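> Opening with a subset of the complex:
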Amino acid sequence: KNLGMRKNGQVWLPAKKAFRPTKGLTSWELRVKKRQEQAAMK
Amino acid sequence: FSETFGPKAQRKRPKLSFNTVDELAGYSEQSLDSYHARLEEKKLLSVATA
Amino acid sequence: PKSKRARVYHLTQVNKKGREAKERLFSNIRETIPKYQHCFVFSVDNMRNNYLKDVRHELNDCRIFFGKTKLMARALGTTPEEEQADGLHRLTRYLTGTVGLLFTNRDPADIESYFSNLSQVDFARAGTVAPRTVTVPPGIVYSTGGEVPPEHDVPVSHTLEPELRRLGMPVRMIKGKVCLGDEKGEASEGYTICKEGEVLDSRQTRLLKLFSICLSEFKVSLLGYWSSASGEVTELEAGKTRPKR
Amino acid sequence: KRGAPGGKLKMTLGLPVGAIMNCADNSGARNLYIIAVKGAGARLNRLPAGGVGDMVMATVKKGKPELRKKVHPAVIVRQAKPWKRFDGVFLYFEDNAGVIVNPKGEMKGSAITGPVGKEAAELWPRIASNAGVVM
Amino acid sequence: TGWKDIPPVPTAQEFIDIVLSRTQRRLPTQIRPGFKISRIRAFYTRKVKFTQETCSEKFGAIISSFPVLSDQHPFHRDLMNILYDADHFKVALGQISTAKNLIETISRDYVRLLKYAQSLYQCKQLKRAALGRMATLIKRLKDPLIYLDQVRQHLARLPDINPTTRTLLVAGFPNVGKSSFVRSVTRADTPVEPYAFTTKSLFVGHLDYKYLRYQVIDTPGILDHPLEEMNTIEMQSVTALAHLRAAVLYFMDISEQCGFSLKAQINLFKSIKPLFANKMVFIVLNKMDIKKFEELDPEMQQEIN
Amino acid sequence: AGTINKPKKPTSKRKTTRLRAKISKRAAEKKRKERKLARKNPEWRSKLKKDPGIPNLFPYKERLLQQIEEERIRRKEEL
Amino acid sequence: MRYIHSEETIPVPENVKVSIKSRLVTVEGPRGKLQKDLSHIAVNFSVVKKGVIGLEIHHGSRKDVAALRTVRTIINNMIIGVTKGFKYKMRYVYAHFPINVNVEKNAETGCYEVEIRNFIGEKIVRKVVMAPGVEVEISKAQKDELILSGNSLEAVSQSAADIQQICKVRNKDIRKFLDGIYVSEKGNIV
Amino acid sequence: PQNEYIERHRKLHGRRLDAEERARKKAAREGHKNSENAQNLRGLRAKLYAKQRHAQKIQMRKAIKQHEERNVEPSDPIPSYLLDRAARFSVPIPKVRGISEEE
Amino acid sequence: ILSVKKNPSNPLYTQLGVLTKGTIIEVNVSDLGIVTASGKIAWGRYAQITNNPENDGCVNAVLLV
Amino acid sequence: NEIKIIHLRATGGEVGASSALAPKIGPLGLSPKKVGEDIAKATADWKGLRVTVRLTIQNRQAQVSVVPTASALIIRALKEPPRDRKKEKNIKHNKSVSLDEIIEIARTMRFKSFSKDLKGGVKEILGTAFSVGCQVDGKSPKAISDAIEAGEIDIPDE
């Protein structure tokens, strides 16, 4: 069952996820490599 | 005015015209006599027409 | 994106720690290692962990770290090419979930005896199974909710009843007193906070904490320990059972 | 309360503003000049008017000098304009006359000379208690 | 018969907003440069006069509704002096009256100038100047308006004590059962709690004896120290003892569970005995279930006798 | 506001010739006045312009910095 | 920016039977049947996996992507309604005059009917007719409690809101006069 | 009633059962209400609201600046007795607008 | 004010004593404690009007010190 | 035979501390005058100082004890002139104590301190003295604390 409380009291509400419509466009490793390159260039 | 009365008030000692119990009794007696004199003066001194 | 949540800026003294706290934890763990022979890993799962300060005070000669699990694992060294001392990457496989490090000069048997006979009764958290059935009786509500006899209990505070109504207890104010139903007790049954053999949620555990009813225990389970002299990790009883990473 | 008698049926209003009527009581006044009628509505160029049982504001033009400087509440008890009651009776008195009362309805005087109207006697209990003839 | 009829006193900014909203919304606001100078002068003179009429009406409503201490009973006057610094009260109301008269003077001067103003721009500048001076005068009253609003609320919540009637006055130390006695004999809601100074202000209840109405006044507790060291909470009770021709009931706790000694209670009674001249005094020994007068030591019994 | 059930007087978009001519003349007079105040304006004005720079999201900014540094070294060697 | 594809997933239990045709969702469960018209939102329905309903929008803006979350929550609430149901427990409290509540079932309309009397001593008799499918009972376990149960969350919550709004004190201090009917608990029947 | 009677009533009886929830919901809707007022108020009310919101934004950002920097003059040097101190004997306003004889 | 010394628009305006912007007036400066090098009280000093009295309802001036 | 422990905050050499006790020690069966006399006798060493007093209640008699506090110990070690409270007020504690006296105050406070070392205890005592406003060796207790943390002053171990 749902183990925590919701503030508004709508206990039937699902565990919602973040509204990220730009998901899946970048892998994690590529972003880390771009972070290192941006830091070096800066 | 904020330190005299209110939520931020810090006043704790009143400003008195008397120091002793006997002085307070005399002050009360004189104030009552003056009050009665003033109401007698006002009493001696349907709506009225314009 | 005009429609956005307004980020509240806190007008308080304490700010976010950041990367500097991580580096401080790395330095402290990497300096604690060459001073103690034994490094224990202990597990405290689904627990309040406010008696850990008392544990730190009692173990004066020991050093206890209770930081982030992955940061402590990186401090000790996950790979054999990264470990500060030999056998520490063997110890890092024990660090998952809510764990902690214990650097000590003492005997492992002494440490095991202390953490075995140590036991304090503590408030239950959400997820634990209720060991018994708790029911606040009808009538005037007291502070313990029927744990002590009602003649030895102060009535509960009048400021708690909106919280009780939020947590689902159908209380009401009668002449400055919090009551279930009537003041003498009628037209209602006792409020069952929890039943035996039932997973507790946070609402029930908050009610039990407000009524000072403790249904759990403070048990620290030692998983294993790395020794500097032998350069090896000895695994204890909970180490086999606990998931490994 | 603004001194408007409630439960009064519609009757012919015979005493407008400016009428001088007799004073039927022994309060010391002998006539009342009407300056206003309590409960009068708003209408362009229409003078406020009152009937039997209506409360008015009056001034004393003849009587004791003590009553000559104040504006007194009055209740009209007799009128000369003919008016109809609910039983189809058209009636009138031989003179226009009223009595001086306080705003709550109790009289300043202690006795009433002559008869009073049924409407005034029903609407103000002190007039009924201080009246000798009711018509 | 109380002071609940005092209209609410807004602050300086709310007062300015109210007055200028009345001027904006209850008068016409379109005037044209192509009209005659007589029409323009009438427009702006009407604006200034309506603004000062609103200010004068509100200031007169503030002044004429607050109690005047020089006309009150000495009990009520000195109770207001205990609660409130009477100097501060009179200074606040005098500053209100001074601002009212300054607004009237400014309006008179600017109407006289608008009689000679020769253009719509000059008329507009004169009207803005008069309204800005009025707004400055109201803004310089930021503190007395808040003070007087707080005064109004507490006066509205003040009890109604009739100074000349059949009245009982309960006095003594804290935690001696004064509020318990008042709850037992009247219908008043005085809080009864074990801690000291539970009652921080005067309460009054009523009862009927032989078909006559009596009023009973519950007072804050009084401690044993000289009158220069008395706080306002205890001075309310001291003023009640001093100025009210009452039947005084001095409550004493023989069991000494109030936290104070019977000797100190006796010294307080002897100290406030000069206030009891021409008053009828009864000493009520409360809490006799715990300890009785017979169980009291004989020296203390001799002192009480 | 009860606009939908009870609309008010419409605001006309049909401008008048008087208003158009007056607005045009006031605009021209304002342009001349701001030119005069610009010529009389004593506020300091930098001769050089603060250049915005190179965007961070340009993927070849590092290679462009390499090119600029190389050309700087080449110019220093030539000079 | 026009997002090429956005999708959401709704898991369906084994007891639940979902039929979608022309954006008209019909959800069948152990407790009953619910029906809803979602034709005002451009959604493509599919079966991406056995027991999973797939919601998708193609070439939609950020608003069209965000509306899929509302559609997902609506269909999920319909599934929860036909599986476990919804229950609103309400409490009516009074200071001096006891409030009298009588619950009947009008048979010709086939709907429950709540009659409220003696609120602040008023002589008027308030009457609220419930939405179809909402069952109202007076709780025997607790004191002065109504229980509203149903399969439609919107119907149950709107009926509870109507009960709460019909008993509202007017021209009085709400700090002093605390009386009324209030929604105490919101949850599931099962 | 006398003294703190509404406070005593709140002590002995409490508040309405939905009071905290409605206060929380109103505080949550306050942002939508503020935006609706900013986009739909008209006229002098709108102008006063905009000026007052501008004042609040200035005060708020000053508060943020102060809490962020809680933990942190003439060109030529002159002594303390020459501080705050400053030929052609010109008046402060050497030229004004001429006034015609009708004015 | 002691006298009107110069109204810049017209000498007739100075003769009539008209208070306009930029008008030099003579004021009594006894309240400022201005004193000469030996102790004589300086009670007359020039000031200049800096506002528009016909538009503001008040005369504002700056001392010529 | 049950145990009651009551902690209270009182001024030394004063009987009126039991004024607030008689609300609660009253129904417990204690004599407020006897309790106040015992409190005064126990706190006669701490004249004019705000001290913490522990009362243990057994079988309707209570015994008094004085729980030491760092602030009271620092104020006592300041050795202020002997003073009456009600007449002059708004005093400041601007005298000086020695770092040695700070060390025995920390040694007295070892049963309350959770620090690993006596140096850690001395630093808490210096922080309390900084809050009081006094001096240590003629300098600011924050400056002595910083110098101790720098290490040029060696606090003895235990």
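That came in fine, so what should we check first? Numbering: from 1, shown residues only, chains lettered A, B, ... in the order given.
> mind checking the SS state of the residue nearest the centre of chain C?
Central residue of chain C (C-alpha atoms, centre = their mean): residue C:48, 2.1 Å from the mean position. When classified by DSSP: H, G, I helix; E, B strand; the rest coil, residue C:48 comes out as coil.
> for residue A:17, same thing?
coil.
> ranges for the helices of chain F?
For chain F, the helices defined by DSSP state H cover F:17-39, F:61-78.
> so which of the ones you listed gets nearest chain C?
Of all the helices of chain F, helix F:61-78 sits nearest to chain C, with 24.8 Å by C-beta to the nearest C-beta. The C-beta positions use only the backbone N, C-alpha and C, and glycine is treated the same way.
> which residues touch the residue of chain D found nearest chain H?
Per C-beta to the nearest C-beta, residue D:1 is where chain D lies closest to chain H, at 26.0 Å. Taking C-beta atoms under 8 Å, 6 or more residues apart in numbering or on different chains, we find residue D:1 in contact with D:103-104.
> distance of it from residue D:9?
Using C-beta to C-beta, to the nearest Å, residue D:1 is found at 20 Å from residue D:9.
> next one: residue G:105
50 Å.
> cool, residue I:5 as well?
From residue I:5 to residue D:9 the distance is 85 Å (C-beta to C-beta).
> which of the two has more neighbours?
Each of residue I:5 and residue D:9 has its neighbours counted (other C-beta atoms under 10 Å in any protein chain shown); residue I:5 has more, 13 against 9.
> Does the more buried one touch residue I:11 like I think?
No: using C-beta atoms under 8 Å, residue I:5 makes no contact with residue I:11, being 11.3 Å away.
> Just the closest residue of chain C to chain J, please.
residue C:57 (5.4 Å).
> what's near enough to touch the residue in chain D positioned nearest to chain E?
At 18.0 Å from chain E, residue D:104 is the closest residue in chain D, using C-beta to the nearest C-beta. Neighbour list for residue D:104: residue D:1 [criterion: C-beta under 8 Å, 6+ apart].
> Can you tell me the SS state at it?
Here residue D:104 is recorded as coil under three-state DSSP.
> now swap in residue J:124 and tell me
Quick answer, by three-state DSSP: residue J:124 is helix.
> Kindly confirm whether my reading is correct that it touches residue J:70.
Yes: taking C-beta under 8 Å as the definition, residue J:124 is a contact partner of residue J:70 at 7.3 Å.
> now the sequence for RNA strand K, which goes on the structure above:
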RNA sequence: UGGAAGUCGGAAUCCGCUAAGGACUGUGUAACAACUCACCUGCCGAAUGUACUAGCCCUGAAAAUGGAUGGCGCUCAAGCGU
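Time to bring in RNA strand K:
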């Protein structure tokens, strides 16, 4: 200070245990208590936050007979930019 325990006031605002916790952000008490916030840890799973700039849009003040992008009417325009 009658009472003031972080939260009626004034001034300072340090140390220890730390993973982290202000001589405290609010609620609350007569004072306590209790709750909460700043901060930290456990679950989760990949992109976010702040401030500005440039477009379009709303407000950014209106009177008085019934009326005006010229009128109908126009919404992936019959509006705007190229």
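> ok so, going back, distance of the residue nearest to the centre of chain C relative to residue C:145?
For residue C:48, the distance to residue C:145 - C-beta to C-beta - is 20 Å.
> rewinding a little: if I read this right, the residue nearest to the centre of chain C contacts residue C:126, doesn't it?
No: if you go by C-beta under 8 Å, residue C:48 and residue C:126 don't touch, sitting 11.5 Å apart.
> Say whether chain E is contacted by the top helix by length along chain H.
The longest helix of chain H (DSSP H) is helix H:44-68. Yes: under the criterion of C-beta under 8 Å from any C-beta of the partner chain, chain E is reached by helix H:44-68 at residue H:44.
> same for that helix, what does it pack against?
Applying 3 or more C-beta pairs under 8 Å, 6 or more residues apart in numbering or on different chains; DSSP states H and E, we find helix H:44-68 packed against helix H:19-40.
> what about the helix it packs on and RNA strand K, any contact?
Yes: Helix H:19-40 lies within reach of RNA strand K by C-beta under 7 Å from any atom of the strand, at H:38-40.
> Among those, which one has the most neighbours?
residue H:38 (12 neighbours).
> what sits against that one?
H:49-50, H:53.
> Redo these as a markdown table? Include neighbour count.
Listed next are the contacts of residue H:38 as a markdown table, based on neighbours: other C-beta atoms under 10 Å in any protein chain shown:
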| residue | neighbour count |
| --- | --- |
| H:49 | 14 |
| H:50 | 13 |
| H:53 | 13 |
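> Restricting to those residues, which residues neighbour RNA strand K?
residue H:50.
> from chain J, which residue is nearest to chain G?
Closest point on chain J to chain G, by C-beta to the nearest C-beta, is residue J:23, at 30.8 Å.
> Provide a list of residues in contact with the residue nearest to that residue when sequence neighbours are not counted.
Leaving aside its sequence neighbours, residue J:23 sits nearest to residue E:194 (C-beta to C-beta, 6 or more residues apart in numbering or on different chains; 3.9 Å). Residues near residue E:194 by C-beta under 8 Å, 6+ apart: E:175, J:23-24, J:26.
> Tell me the spacing between residue E:194 and chain B.
From residue E:194 across to chain B, the span is 24 Å (C-beta to the nearest C-beta, to the nearest Å).
> Helix, strand or coil: sort out that residue for me.
Under three-state DSSP, residue E:194 falls in the coil class.
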